[PDB]
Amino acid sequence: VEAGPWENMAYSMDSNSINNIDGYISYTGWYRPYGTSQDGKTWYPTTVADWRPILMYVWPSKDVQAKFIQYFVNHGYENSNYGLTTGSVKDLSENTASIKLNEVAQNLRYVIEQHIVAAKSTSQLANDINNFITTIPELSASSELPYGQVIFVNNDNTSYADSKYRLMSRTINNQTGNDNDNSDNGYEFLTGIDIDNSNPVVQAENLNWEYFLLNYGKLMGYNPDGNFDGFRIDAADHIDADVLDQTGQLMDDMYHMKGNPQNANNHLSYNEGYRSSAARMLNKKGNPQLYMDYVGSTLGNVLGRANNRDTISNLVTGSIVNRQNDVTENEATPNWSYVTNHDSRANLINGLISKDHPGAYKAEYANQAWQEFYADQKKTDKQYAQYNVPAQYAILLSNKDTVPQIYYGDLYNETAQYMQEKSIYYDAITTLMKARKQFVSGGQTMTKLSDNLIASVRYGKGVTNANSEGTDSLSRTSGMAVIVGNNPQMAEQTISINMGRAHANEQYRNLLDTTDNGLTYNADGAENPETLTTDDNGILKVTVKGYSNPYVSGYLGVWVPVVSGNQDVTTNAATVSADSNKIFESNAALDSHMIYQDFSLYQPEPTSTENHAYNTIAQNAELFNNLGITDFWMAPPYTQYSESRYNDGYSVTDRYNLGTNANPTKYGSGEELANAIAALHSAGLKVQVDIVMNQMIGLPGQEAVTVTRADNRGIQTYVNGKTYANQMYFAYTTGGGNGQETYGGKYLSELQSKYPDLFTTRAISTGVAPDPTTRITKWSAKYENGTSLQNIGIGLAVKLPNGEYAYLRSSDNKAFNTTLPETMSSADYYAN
């Protein structure tokens, strides 16, 4: 038998003629048989270009084999001379005899080869195979059960991808496991390939990564200054909280923060979270990072809505700090707060999209939403945009026991080129920002006046409460009164504001007041003059009413002491702590800080080198200082997934490549980053990097992994009554770039030498220390909890009829012996 069906065997038994992922074969995959035939008699050898889809030759069961035959005969491949018509195959099924189905399938092969020769290509065949796959539940992508995630699990078939660790949802107070707080503590999975931050080797790699960022410019040989001072921690509610302990440990080891509030405050770190249980967690740990406060939502519900506003009293209570009469130090949870951030603006725009492209797929256009938003922002009767933006900032910037965070997109038109266009709110917000540096310090009292209308008073540096004498020389000339109403039809009336007994018989300047059309900064259109003077007890009598304009819907008024010139009420941090077990303490020295978010998701790509965000912030370094900003939050500077929607930094490909001249990020190059940070340092600011330990989206390398269908907590779940566990999945899991290759684990030896305690301190979740003996030069499933569903499908893995997976040895892959289906391998099969 020199010519025959034995030529269905693979040309060679290796990767050169058989598609495989880690040795495992796919039903969507292709192979090169030795030869092919269009009639059964004449057989021709393949060249290197003549490959065929495996679904012509092998199937997961007799049922699918019969449905393959039936489908192909019904969709173009009918031929009565080879026993293949719509009624000859109509009654085939899984119960049909095996040799009969094999014979019918062999005849179809000949008819397919006739089709191939008629078309001079396999293009139509490839399309028919893909179309057939979608009609089988088990072969299509829909087998993975949208929408959600899968967890990677242990299996001897995917032994390389095994793990002892994968401790899922060890988040916030659930570090130990054991959720007995009846409170929202967050969950492991968000979106993309979830990094196992429970793995000791990964925990060591995070410390490496953090050390790299903290010494960036030095280690790259760029600007020798220009290294990051701290961290904004992304997705802190969705990572094993061990890494929060270990970040704090590293920073304390490097910079000696436990002793000195000065050292702590110069290396400010803060955790992104939308769950109040994080406050408790951080307090128990001595506050290694700042807790993200929820006063933004309160500000939006009370001042920002069009109609159905919450009562003005919500501003005193609706926060991690009660500010009805806040006259103490070191008691409040050290926190950071915001009027807006990049996600808040995004959720506004991404719901305006739902009206413009109604229920449709977004991925395509919608700058029309922004044109609508910009127009709406200028209107009195706003459809979509936030009301009372300046008043929201006035409250945020005058609040005690917090580090306020200003949003780039509230100072600038965020979809324009970087810092090219100022927002309508630039004047109001920057006026309040400079006034903060000059005036706000001391105890806070928020007094309700008429169900709408609240006076928020700060008593000045060294003035603890309303009855105190001043201790500081600036006590007399410091403090602020912020008047905020949220009823645009409020009756015109007079009000009495207690400035404190330290401010008796004192002249106060009208810093900001409301007019018919907007705001005034020299009392021009207002109900009050340029200056008012307190009575003998320090009460200020002021006139107020409802207004309706683009800036104010209700009332906004701000009063500060009359001063001889330049003033600065920033309190310098102590060089010895009050507690010593605490890292951060909510006091006047922390309250003197102020964060600036430098980016938006809707920031454009730069049209020139001069429009690179890093170059623009190098140019404007002194402006940020002049505005009273001392803590610069920079966007994630990492290399991005090319097809990510916003190009923002969160969809990470390479943790260590922050951009080159040839291949910059959205924000610029690494050398530009180093210069930018040095420029900010020269202006007197500290700067922190957005660090993203939760996920890496868009790794290019595929890996054969064993997976189980899970909810966002990483526990197995059911979807419309269906589930699966221990299924083979050909997921995109492997990569990291040349940055990970060259810098991954590079500084673990140095860290071990300098700070041995990093790798002997046992983590709470695991009970073992970070492991510096393995370097992560490349990411793979072994260091991953799982992934969001990748639209590939679960039932493509080729199992043989005996039950075992089909495997192909190939130099890298030596887990098992080579065992392939008889149809494309066994000479002994074809001998019969």
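Start at 1 and count along the sequence shown; that's the residue number.
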| Which has the higher mean CA temperature factor in the PDB entry, 34-42 or 765-773? | 34-42
| Entry-level comparison of average CA B-factors, 697-705 and 440-448, reporting the higher stretch | 440-448
| Checking the entry, which one of 425, 291, 212, 147 has the top C-alpha B factor? | 425
| note | One of 625, 301, 276, 269 has the largest Cα B-factor in the entry, namely 301
| note | So, residue 741's CA B-factor, relative to its chain, sits in which third? The middle
| Within-chain third of residue 384 by Cα B-factor, per the entry | highest
| said: Please say which third, lowest, middle or highest, residue 102 falls into when its CA temperature factor is compared across its chain. | reply: middle
| task | Among all modelled residues of this chain, ranked by Cα B factor, put residue 247 in the bottom, middle or top third, i.e. lowest, middle or highest. | result | lowest
| Within this chain, which third does the Cα B-factor at residue 569 fall in: lowest, middle or highest? | middle
